[PDB]
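Numbering (the authors' numbering), first residue to last: -2 to 53, 73 to 196.
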Ligand SMILES: O=c1cc(-c2ccc(O)c(O)c2)oc2c([C@@H]3O[C@H](CO)[C@@H](O)[C@H](O)[C@H]3O)c(O)cc(O)c12
Ligand SMILES: [Mn+2]
Ligand SMILES: [Mn+2]
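What follows is the structure in structure tokens.
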């Protein structure tokens, strides 16, 4: 869907776009062909970045977007230095304030369905899950949202703006239907 490709290149910062293209190609997927996955990958990356800018300076270490060696360097480092259980999958962030890894979910489906799939995927209590939708819904572990409402509101409003713009360009219906 090349009109979606055009949208991704117009919508997302070039750093996010280049990171998403590398990520997909590493799984043998072509951004030019799986354009809905390209937009999805960019959105999750951007949310991960916005979330890391949510609170105090350096509250959050970013793990998402990092090459595997550096990602695992951050994760193993943190687990040696805080004694928190070493996750089996790379999470998205580490919360220095709350001493927990965070998995970040962005879903075109219902938040509760995605929360469960993440929980069942993770199989490790300590890691905090936080889900966003394009429709303003969000849900987190023990209903603990980590950030203040003003920072969550920027993320929720950004995801809404993205859905809206996709909608004006008749890309949203495909994109919504395309998810796992
Ligand atoms: O870099 C990638 C990152 C992720 C990813 C997704 C959710 C997270 O929460 C998360 O931390 C990371 O997913 C990717 C996927 C897929 O994106 C679907 C979502 O649109 C997922 O449902 C699939 O399961 C995935 O394999 C690709 O196809 C290619 C990719 O480079 C990636
Ligand atoms: Mn991740
Ligand atoms: Mn994630």
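Every residue gets a Cβ at the ideal spot worked out from N, C-alpha and C, and that includes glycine.
For residue i, three-class secondary structure by DSSP
i: residue 40; result: helix
i: residue 163; result: coil
i: residue 123; result: strand
i: residue 110; result: strand
i: residue 18; result: helix
i: residue 79; result: coil
i: residue 118; result: strand
i: residue 11; result: helix
i: residue 187; result: coil
i: residue 140; result: coil
i: residue 178; result: helix
i: residue 104; result: coil
i: residue 0; result: helix
i: residue 131; result: helix
i: residue 24; result: coil
i: residue 30; result: coil
i: residue 196; result: coil
i: residue 53; result: coil
Boundaries (first-last residue) of the beta strand (DSSP E) holding residue i
i: residue 147; result: 144 to 149
Cβ-based burial, residue i [other Cβ within 10 Å; buried from 16]
i: residue 108; result: buried
i: residue 162; result: buried
i: residue 80; result: buried
i: residue 1; result: buried
i: residue 53; result: exposed
i: residue 11; result: exposed
i: residue 128; result: exposed
i: residue 74; result: exposed
Heavy atom of ligand 4 within 7 Å of residue i beta-carbon
i: residue 80; result: As far as ligands go, the structure on display features ligand 1, ligand 2 and ligand 3 and does not contain ligand 4.
For residue i, the residue or residues it bridges with in DSSP
i: residue 156; result: 146
Where the alpha helix (DSSP H) through residue i begins and ends
i: residue 91; result: 84 to 98
> On the three-pair Cβ rule with 8 Å, is the segment 88 to 102 touching the segment 34 to 44?
Replying inline: With the cut-off at 8 Å, the segment 88 to 102 and the segment 34 to 44 do not touch.
>> Does the contact criterion of 3 or more C-beta pairs under 8 Å hold for the segment 12 to 25 versus the segment 182 to 194?
In response: At 8 Å Cβ cutoff, the stretches do not touch.
> Would the segment 90 to 102 and the segment 39 to 53 be scored as touching if the rule is three or more Cβ pairs under 8 Å?
Replying inline: Look at the beta carbons and you see the segment 90 to 102 not touching the segment 39 to 53: under three pairs across the two are nearer than 8 Å.
> Counting Cβ pairs, one atom from each stretch, are 3 or more of them under 8 Å apart for the segment 109 to 127 and the segment 142 to 158?
Replying inline: Under the Cβ criterion (8 Å, minimum of three pairs), the segment 109 to 127 counts as touching the segment 142 to 158.
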